[PDB]
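Novice: If you're matching them up, the sequences are chains BH, AU, BX, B5 and AK in order. Per the authors' numbering, the first sequence starts with residue 1, numbered consecutively. Per the authors' numbering, the second sequence starts with residue 4, numbered consecutively. Per the authors' numbering, the third sequence starts with residue 2, numbered consecutively. Those letters in the fourth sequence? Residues 19 to 28, 35 to 111, 120 to 137, 140 to 224, per the authors' numbering, in order. Per the authors' numbering, the fifth sequence starts with residue 13, numbered consecutively. Quick reminder that beta carbons are idealized off the backbone N, C-alpha and C, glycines included. Pasting a structure below so you can have a look.
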Amino acid sequence: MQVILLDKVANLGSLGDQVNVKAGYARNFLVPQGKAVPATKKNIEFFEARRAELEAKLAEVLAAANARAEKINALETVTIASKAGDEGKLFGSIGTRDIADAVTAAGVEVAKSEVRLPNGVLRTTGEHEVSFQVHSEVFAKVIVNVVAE
Amino acid sequence: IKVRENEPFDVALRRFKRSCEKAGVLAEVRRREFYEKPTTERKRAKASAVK
Amino acid sequence: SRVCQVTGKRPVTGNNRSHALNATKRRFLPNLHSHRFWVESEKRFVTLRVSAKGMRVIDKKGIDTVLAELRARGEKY
Amino acid sequence: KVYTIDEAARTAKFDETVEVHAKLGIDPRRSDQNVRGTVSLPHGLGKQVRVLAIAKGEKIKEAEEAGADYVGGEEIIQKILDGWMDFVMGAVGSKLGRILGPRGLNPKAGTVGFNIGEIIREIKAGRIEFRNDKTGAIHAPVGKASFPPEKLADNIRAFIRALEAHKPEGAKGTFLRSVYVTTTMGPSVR
Amino acid sequence: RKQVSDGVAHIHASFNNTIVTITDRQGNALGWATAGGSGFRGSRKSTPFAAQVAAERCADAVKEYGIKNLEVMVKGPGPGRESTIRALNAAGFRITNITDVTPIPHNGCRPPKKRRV
RNA sequence: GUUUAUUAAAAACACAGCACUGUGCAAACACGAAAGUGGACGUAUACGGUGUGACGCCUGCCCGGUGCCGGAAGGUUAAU
RNA sequence: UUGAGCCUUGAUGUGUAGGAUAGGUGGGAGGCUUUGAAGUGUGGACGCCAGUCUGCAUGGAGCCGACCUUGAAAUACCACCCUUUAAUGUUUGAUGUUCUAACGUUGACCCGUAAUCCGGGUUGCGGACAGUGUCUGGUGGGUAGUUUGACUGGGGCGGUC
Ligand SMILES: [Mg+2]
Ligand SMILES: [Mg+2]
Ligand SMILES: [Mg+2]
Ligand SMILES: [Mg+2]
Ligand SMILES: [Mg+2]
Ligand SMILES: [Mg+2]
Ligand SMILES: [Mg+2]
Ligand SMILES: [Mg+2]
Ligand SMILES: [Mg+2]
Numbered sequence: 001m002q003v004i005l006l007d008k009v010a011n012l013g014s015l016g017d018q019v020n021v022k023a024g025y026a027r028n029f030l031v032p033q034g035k036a037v038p039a040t041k042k043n044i045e046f047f048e049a050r051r052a053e054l055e056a057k058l059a060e061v062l063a064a065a066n067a068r069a070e071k072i073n074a075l076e077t078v079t080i081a082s083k084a085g086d087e088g089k090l091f092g093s094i095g096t097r098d099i100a101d102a103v104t105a106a107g108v109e110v111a112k113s114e115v116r117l118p119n120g121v122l123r124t125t126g127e128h129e130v131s132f133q134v135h136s137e138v139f140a141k142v143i144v145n146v147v148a149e
Numbered sequence: 004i005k006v007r008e009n010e011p012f013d014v015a016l017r018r019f020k021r022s023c024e025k026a027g028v029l030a031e032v033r034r035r036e037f038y039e040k041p042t043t044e045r046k047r048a049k050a051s052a053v054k
Numbered sequence: 002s003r004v005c006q007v008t009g010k011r012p013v014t015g016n017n018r019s020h021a022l023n024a025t026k027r028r029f030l031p032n033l034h035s036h037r038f039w040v041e042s043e044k045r046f047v048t049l050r051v052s053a054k055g056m057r058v059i060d061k062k063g064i065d066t067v068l069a070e071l072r073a074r075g076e077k078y
Numbered sequence: 019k020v021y022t023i024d025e026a027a028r035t036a037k038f039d040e041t042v043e044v045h046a047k048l049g050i051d052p053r054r055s056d057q058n059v060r061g062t063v064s065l066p067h068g069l070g071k072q073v074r075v076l077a078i079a080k081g082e083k084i085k086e087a088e089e090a091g092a093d094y095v096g097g098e099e100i101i102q103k104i105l106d107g108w109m110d111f120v121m122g123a124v125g126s127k128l129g130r131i132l133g134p135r136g137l140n141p142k143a144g145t146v147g148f149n150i151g152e153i154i155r156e157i158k159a160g161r162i163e164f165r166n167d168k169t170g171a172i173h174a175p176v177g178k179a180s181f182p183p184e185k186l187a188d189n190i191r192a193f194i195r196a197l198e199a200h201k202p203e204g205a206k207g208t209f210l211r212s213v214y215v216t217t218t219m220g221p222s223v224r
Numbered sequence: 013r014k015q016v017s018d019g020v021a022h023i024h025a026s027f028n029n030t031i032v033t034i035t036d037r038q039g040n041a042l043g044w045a046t047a048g049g050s051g052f053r054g055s056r057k058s059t060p061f062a063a064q065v066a067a068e069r070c071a072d073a074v075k076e077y078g079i080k081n082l083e084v085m086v087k088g089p090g091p092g093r094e095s096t097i098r099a100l101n102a103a104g105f106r107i108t109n110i111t112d113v114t115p116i117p118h119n120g121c122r123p124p125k126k127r128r129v
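Printed below as a string of structure tokens:
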């Protein structure tokens, strides 16, 4: 038969292709342990609706889990009111829920665990930097400036 | 039986084999089985070895 | 009885024609095989005595559709 | 390629040595492997041959100017017949036989042209072009073609040399072109 | 194919004929030749000459693994018994140790009877 | 011992014994379109078939023919 | 993995007069090797142990042609290849390796169920074999239906048509 697959399936499958398999394999193994299904045409278009949706649509929505950072370099500077000891060296210090909570709390809304401050930003005063995370490949840089007020 | 000769010489040197096996017990064990006839063979083999 | 539950196939009578053309009553049995089909929609195996043509029909129509046909004519399974 | 690559001759002196060896079929039933009266081929080729004829002491004044050089006289039939070292080729047709001076004990000579009205008449071309190619072992074809001064112009010996496919026997398959020589080898299909 | 260099010469030497096989140190057969197969048949092959040419055709067949040195194991009485280990020295083999392996029953089977010739 | 109930009781059948041959058990074999059975709640010192016919002394020669068993290199050879 | 096709790629020839272990015709009077040779020294190796080929290598720079003979002339070079053989593939199986999931179970167990049937279930052993359907070649007095002439000094035998 033809049959269209479900899971990845070894030396033939893919995850949702239209392979062609010996019926002995389809009945008796694949379809029963639902790893595939009869290509009843009714189905093959059940799959064409499934060829437009999740893919074409929700990847220009990860073009929004990405263009969040088109507003990461268009400000590129938050200040933290953290002072300085005996020579412009932070009396404060700023981490991730400091650089995600002092990022969210404006027009820059990020998820608190989306702010990568290398053992840095907060340790001393002045300008620093950080690695802001929204996508797996597209993050983005800013500049942080712990203001000693 | 065994000779594991060493360095400088290509000659056999296996004079050993005429001091033990070979035809000794090989022409012997070869043919007929003998029996009580070796008694007569080994009797003449001693009437000799007196003188 | 050598009868396919899907299609009705059962033995049929015909002739054996010799080379001399002698007829002889014979039968033609169907290719019956009892077979365990997994019915997902009932969390159960249902074994049927079917002809291979039968299997082919179950493969196309779909077991759930075929079982329904039997249920329809009060055929048990 | 589809037809023939005559650019596939591409370090001798000249590649006139590119022989036409197009396969033929076996002997299933009864069939032969015959070459016509000097297969010319629709390419002049440019070959100034040497055609030795069994003509007479009359046709030495025009039967020597038509794609040849000389002709063997009537006195030189057996007056030059006592030396294996001192002695295409021709043999006039009809009631003329060639076994009293060309049949003893091993060459290839048969056809040239039979003419009693003209030794070289206005239009009778076909000789000073190509030779022949008869049976050898398990096949035939053995000849020659084109040169180094050719291109897809001497590829008229592919649509008028592989077109020399004659009647086969029964349970045979004559079709396998192959040329070239004194450089490389090969050919495509037929 | 293959390569060994350290081998063993086996020679079967029986009144009727003698056969030579060169094998490796595990006893896996490499090459063999036989007095009766080198020509000469009958009283012919029953000679030390025949056994000689038999260590020869053999050397031209076992050098086909590049053997350099080999032990000798002699079995049987019979011509070619030692005439055949002379052929092996000369043919350009180093020759390590010699041995006799002709089997000696502690009186088992009853050997054949006859030979009223 | 058995047998032709009703023209044959015998030298015919059987018989213990012998031999050959098949059978590893869902045995071979047999009743059965099948299911189910017998063989057997047995298992090769067992079961089937076949001939011979207590016992004594013995049982030679022939494998061309037919039958059976084995073999595969080639040859020929079905549906397809 | 292996038996057959089929496609490239390499082998090799002791009929006689002879410079000599000439395969058949065909191109064919200079190709070649410093893109590193002849001939020595071995390697794998074919085999009528007659001898050949070659990757490696010591090597270090020319061989040839109608040459007159031979029914047929060049290891001068190249071809389509025959004698027979050999190596990858392409394809077709077939034989051979495992798996489990179809299927087999005349192993053990659970339930329906106080049941040596059956069904379902679990587990063990098998396992794409086995077996069955259709088609097909072989076997097939076990069974079946039949045939197995006439003339004739009765019929049969012989003879005859
Ligand atoms: Mg009585
Ligand atoms: Mg009575
Ligand atoms: Mg009555
Ligand atoms: Mg009475
Ligand atoms: Mg019995
Ligand atoms: Mg009797
Ligand atoms: Mg009967
Ligand atoms: Mg009958
Ligand atoms: Mg009558």
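Who are the Cβ neighbours of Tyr-78 (chain BX) in its own chain at under 6 Å, not counting the five residues just before and after it?
Specialist: So the list reads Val-47, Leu-71, once near-sequence residues are dropped.
Novice: Hey, is the stretch 145-152 of chain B5 in contact with the stretch 35-54 of chain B5, meaning 3+ C-beta pairs nearer than 8 Å?
Specialist: The stretch 145-152 of chain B5 vs the stretch 35-54 of chain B5: no contact.
Novice: Out of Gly-177 (chain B5), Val-223 (chain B5), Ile-104 (chain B5), which one is the CA nearest neighbour of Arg-60 (chain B5)?
Specialist: Nearest of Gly-177 (chain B5), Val-223 (chain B5), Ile-104 (chain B5) to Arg-60 (chain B5), Cα basis: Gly-177 (chain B5).
Novice: Residues of the stretch 9-30 of chain BH with a CB closer than 9 Å to any CB of chain BX: list them in chain order, please.
Specialist: Listed in sequence order: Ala-23, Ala-26, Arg-27, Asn-28.
Novice: List the residues of chain BH that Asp-65 (chain BX) touches, going by C-beta distances under 8 Å, in chain order.
Specialist: The contacting residues do not exist; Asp-65 (chain BX) stays about 11 Å from chain BH at best.
Novice: Would you list the one or two residues that DSSP bridges to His-24 (chain AK)?
Specialist: According to DSSP, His-24 (chain AK) bridges with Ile-31 (chain AK), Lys-87 (chain AK).
Novice: Find the residues of chain AU that neighbour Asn-109 (chain AK), judging by a C-beta separation of less than 8 Å, and give them in chain order.
Specialist: Result: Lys-5, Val-6, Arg-7, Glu-8.
Novice: Say whether chain AU places a C-beta atom closer than 8 Å to the C-beta of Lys-125 (chain AK).
Specialist: Yes, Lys-125 (chain AK) lies at the interface with chain AU (some Cβ there is under 8 Å from its Cβ).
Novice: Starting from the Cα of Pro-118 (chain BH), find the closest Cα among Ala-52 (chain BH), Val-144 (chain BH), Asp-101 (chain BH) and give me that residue.
Specialist: Comparing Cα positions, the closest option is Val-144 (chain BH).
Novice: Sort out for me which residues DSSP pairs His-128 (chain BH) with in a bridge.
Specialist: Answer by DSSP bridge pairing, in chain order: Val-144 (chain BH).
Novice: Can you tell me whether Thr-104 (chain BH) is helix, strand or coil according to DSSP?
Specialist: Residue state, collapsed to three classes: helix.
Novice: I want to verify the contact list: residues of chain AK whose CB lies under 8 Å from the CB of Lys-25 (chain AU), in sequence order.
Specialist: Those are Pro-89, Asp-112, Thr-114, listed as they occur along chain AK.
Novice: Should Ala-159 (chain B5) go down as buried or exposed, given a rule of 16 or more other Cβ atoms within 10 Å for buried?
Specialist: Its Cβ having fewer than 16 others within 10 Å, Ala-159 (chain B5) is exposed.
Novice: Kindly provide the ranges of any alpha helix (DSSP H) runs that are 4 or more residues long and lie completely inside the stretch 47-90 of chain BH, ordered along the chain.
Specialist: Listed in chain order, they are 53-57.
Novice: Assuming residue 56 (chain AU) is part of the alpha helix (DSSP H), what are its boundary residues?
Specialist: Residue 56 (chain AU) lies beyond the stretch modelled for chain AU, which goes from 4 to 54, so this question has no answer here.
Novice: Buried or exposed: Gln-38 (chain AK), going by 16 or more other Cβ atoms within 10 Å of its Cβ?
Specialist: It counts as exposed.
Novice: Taking the Cβ atom as the reference point for each residue, do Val-75 (chain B5) and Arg-161 (chain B5) lie within a distance shorter than 8 Å?
Specialist: For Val-75 (chain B5) and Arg-161 (chain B5), yes; Cβs fall inside 8 Å.
Novice: Looking at chain AU, which residues of the stretch 26-40 of chain AK have a Cβ within less than 7 Å of any of its Cβ atoms?
Specialist: Those residues of the stretch 26-40 of chain AK that come within reach of chain AU (Cβ to Cβ, closer than 7 Å) do not exist; the list is empty.
Novice: Nearest to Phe-12 (chain AU) by alpha carbon, out of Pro-115 (chain AK), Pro-117 (chain AK), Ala-102 (chain AK), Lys-125 (chain AK)?
Specialist: Per the Cα distances, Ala-102 (chain AK).
Novice: Under a CB-based cut-off of 8 Å, is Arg-18 (chain AU) close to chain AK?
Specialist: Judged by the 8 Å Cβ criterion, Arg-18 (chain AU) is not in contact with chain AK.
Novice: If we call anything under 8 Å between Cβ atoms a contact, is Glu-25 (chain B5) one with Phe-181 (chain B5)?
Specialist: It is not a contact, given that the beta carbons lie outside the stated cut-off.
Novice: Any C-beta of chain BX within less than 8 Å: which residues of the stretch 37-51 of chain BH qualify?
Specialist: Answer in chain order: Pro-38, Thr-40.
Novice: Give the single residue among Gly-125 (chain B5), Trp-108 (chain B5), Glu-152 (chain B5), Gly-151 (chain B5) whose Cα lies nearest to the Cα of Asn-140 (chain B5).
Specialist: The shortest Cα separation from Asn-140 (chain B5) among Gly-125 (chain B5), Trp-108 (chain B5), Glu-152 (chain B5), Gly-151 (chain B5) belongs to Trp-108 (chain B5).
Novice: If we call anything under 8 Å between Cβ atoms a contact, is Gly-97 (chain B5) one with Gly-125 (chain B5)?
Specialist: Contact: no.
Novice: Could you give the distance in angstroms between the alpha-carbon of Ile-31 (chain AK) and the alpha-carbon of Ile-107 (chain AK)?
Specialist: Rounded to the nearest angstrom, the two C-alpha atoms are 19 Å apart.
Novice: Looking at chain AK, which residues of the stretch 21-50 of chain AU have a Cβ within less than 9 Å of any of its Cβ atoms?
Specialist: Answer in chain order: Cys-23, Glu-24, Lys-25, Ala-26, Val-28, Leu-29, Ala-30, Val-32, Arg-33, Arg-34, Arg-35, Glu-36.
Novice: With DSSP as the reference, label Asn-149 (chain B5) as helix, strand or coil.
Specialist: Coil, per DSSP.
Novice: Going along the chain, which residues of its own chain have a beta-carbon closer than 6 Å to the beta-carbon of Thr-169 (chain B5), five neighbours each way excluded?
Specialist: So the list reads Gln-57, once near-sequence residues are dropped.
Novice: Assign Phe-38 (chain BX) to one of two classes, buried (16 or more other C-beta atoms within 10 Å of its C-beta) or exposed (fewer than that).
Specialist: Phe-38 (chain BX) should be labelled buried.
Novice: Would you call the stretch 40-47 of chain AK and the stretch 59-77 of chain AK in contact, with 3 or more CB pairs under 8 Å?
Specialist: Touching, yes, given that three or more Cβ pairs across the two stretches are closer than 8 Å.
Novice: Could you name the residues of chain BX that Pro-32 (chain BH) contacts, counting a contact when the two beta carbons are closer than 7 Å?
Specialist: Those within 7 Å of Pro-32 (chain BH) in chain BX are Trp-39.
Novice: In chain AU, which residues lie less than 7 Å from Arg-122 (chain AK) when you measure between Cβ atoms?
Specialist: Near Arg-122 (chain AK) (Cβ distances below 7 Å), the residues of chain AU are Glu-36.
Novice: How about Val-31 (chain BH) and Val-19 (chain BH): do their beta carbons lie closer than 8 Å?
Specialist: The answer is no: Cβ separation not under 8 Å.
Novice: Please report the Cβ distance between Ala-87 (chain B5) and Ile-153 (chain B5), rounded to the nearest whole angstrom; I am assuming they are in contact, meaning their Cβ atoms lie under 8 Å.
Specialist: About 3 Å separates the two Cβ atoms, so the contact holds.
Novice: Identify the contact partners of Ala-15 (chain AU) in chain AK, using a Cβ-Cβ distance below 9 Å as the criterion.
Specialist: In chain order: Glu-94, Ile-97, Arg-98, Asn-101, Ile-110.
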